[PDB]
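Spelled out from the first residue to the last, the chains are:
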Amino acid sequence: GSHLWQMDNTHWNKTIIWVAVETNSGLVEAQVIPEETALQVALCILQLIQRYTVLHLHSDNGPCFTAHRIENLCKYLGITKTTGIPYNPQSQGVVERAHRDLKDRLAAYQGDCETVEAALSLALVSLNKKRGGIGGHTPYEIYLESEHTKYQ
């Protein structure tokens, strides 16, 4: 129940994908972005916070993550903002695995899709909603459970 999300930009084919990981559940939220600008990041963040619970947002020092626009947005949304990888070993590990599972799942659906955006959606549902412990939780069910104990 921390709702700390770490964002980072990644490259696949050669599309730029913005990746947000909830460090407690390993839940991933990603979006293809055209260029690495604070304008793009601000849209991703607005969509993230629209759909999820975000108390703390973390990232590297990149100007698209530190620009006044981003800092202002987070202040507005009441979101704690920190920079500097790693936040901690626990979180970084969660993030790195997530990035690798995303690229795996992305590769798996790559050959059944035309656009990366469509592939990304299918990859996210797999990772978050389909993959989980035998008789256990998926990252979504984990996130859901801590979301519940906050929105009763």
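Definitions and limits used
- Residues numbered from 1 in each chain as written, not as in the entry; some residues may be left out.
- Heavy atoms only, no water.
- Residues with missing side-chain atoms left out of burial classes, pairs and counts.
- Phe/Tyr/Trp six-rings, centres within 6.5 Å; stacked < 30°, edge-to-face > 60°.
- Helix = DSSP H or I, 4+ residues; strand = E, 2+ residues; numbered from the N terminus.
- Buried < 20%, exposed > 50% of the residue type's maximum accessible area, 1.4 Å probe, protein only.
- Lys NZ or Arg CZ within 6 Å of the ring centre and 35° of its normal.
- Contact = heavy atoms within 4.5 Å.
- Axes fitted to C-alpha atoms, helices over the stretch in contact; angles between N-to-C directions.
- Parallel < 35°, antiparallel > 145°, perpendicular 65-115°, else oblique.
- Left-handed = near helix turned anticlockwise from the far one by under 90°.
- Nonpolar A, V, L, I, M, F, W, Y, C, P; charged D, E, K, R; others polar.
- Expected span 1.5 Å × (residues − 1).
- Arc of directions from axis to C-beta.
- Polar contact = N/O pair within 3.5 Å; in protein donor to acceptor, adjacent residues only side chain to side chain.

As stated in the entry header, the method of structure determination is X-ray crystallography and the reported resolution is 2.453 Å.

Asker: Even after reading the chapter, I still don't get the packing of aromatic side chains, so can you show me in this structure?
Answerer: Two descriptors summarise a pair of aromatic rings, namely the distance from one centre to the other and the angle between the planes of the rings. Under the definition given, this model contains three aromatic pairs. Seen in terms of ring centroids, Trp5 and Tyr52 are 5.1 Å apart; in terms of plane orientation they differ by 45°. Their pairing is tilted. You can see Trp5 sitting in strand β1 (residues 4–11) and its partner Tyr52 sitting in the loop between α1 (38–51) and β4 (56–59), a full 47 residues away along the chain. Taking 6.2 Å as the distance between ring centres and 65° as the angle between the ring planes, the aromatic pair formed by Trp5 and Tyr143 counts as edge-to-face. Of the two residues, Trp5 sits in strand β1 while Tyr143 sits in helix α6 (residues 139–151), which places them 138 residues apart along the sequence. Residue class for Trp5 comes out buried when judged on its relative accessible area of 0%. Put simply, the rings of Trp5, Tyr52 and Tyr143 pair up and form one aromatic cluster. Note that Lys129 overlies the ring of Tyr140, its terminal NZ or CZ placed 5.6 Å from the centroid.

Asker: Any chance you could explain the environment of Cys74 here in plain terms?
Answerer: Mapped onto the elements of the fold, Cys74 is located in helix α3 (residues 68–76). A C-alpha to C-alpha distance of 9.9 Å links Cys74 and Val54, two positions 20 residues apart in sequence. Dropping the residues within four chain positions of it, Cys74 is found in contact with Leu57, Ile79 and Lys81.

Asker: Help me understand the packing of helix α4 (residues 89–110) against helix α5 (residues 116–130), please; the structure alone is not making it clear to me.
Answerer: To characterise two packed helices, one gives the angle between the axes of the helices and the distance between these axes. Two elements in contact, α4 and α5, have axes whose closest approach is 8 Å; the angle formed by their N-to-C orientations is 125°. Comparing the axis directions of α4 and α5 gives the class oblique. Considering how the two elements wind past one another, α4 and α5 form a crossing that is right-handed. In this structure, α4 contributes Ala98, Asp101, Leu102, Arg105, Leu106 and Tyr109 to the contact, and α5 contributes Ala119, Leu120, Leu122, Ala123, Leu124, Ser126 and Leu127. Residue composition of the contact of α4 with α5, grouped by class: ten nonpolar, one polar and two charged.

Asker: Where do I start with unusual backbone geometry in this structure?
Answerer: With an omega dihedral of 0°, the bond running from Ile85 to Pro86 counts as a cis peptide bond. With respect to the element layout, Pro86 can be found in the loop between β5 (80–83) and α4. Look at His3: it is not a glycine, yet its phi comes out positive at around 55°. Inspection of the secondary structure puts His3 in the segment before β1.

Asker: Help me out: how do you make sense of α4 in this one?
Answerer: Owing to its 3.6 residues per turn, the α-helix aligns residues three or four sequence positions apart on the same side. With 22 residues, α4 ought to run about 32 Å at 1.5 Å a step, and its terminal C-alpha atoms sit 31 Å apart, in line with that. Of all the residues in α4, the buried ones are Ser91, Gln92, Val94, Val95, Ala98, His99, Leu102, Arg105 and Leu106. Here the buried residues of α4 occupy an arc of 160° about the axis, which is enough to place them on one side. Opposite the buried face of α4, by more than 90 degrees, sit the exposed residues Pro89 and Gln90. Looking at the packing, one finds that the buried side of α4 touches β1, β2 (16–22), β3 (27–33) and α5. The opening residue of α4 is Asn88, an N-cap whose side-chain oxygen sits 3.1 Å from the backbone nitrogen of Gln90.

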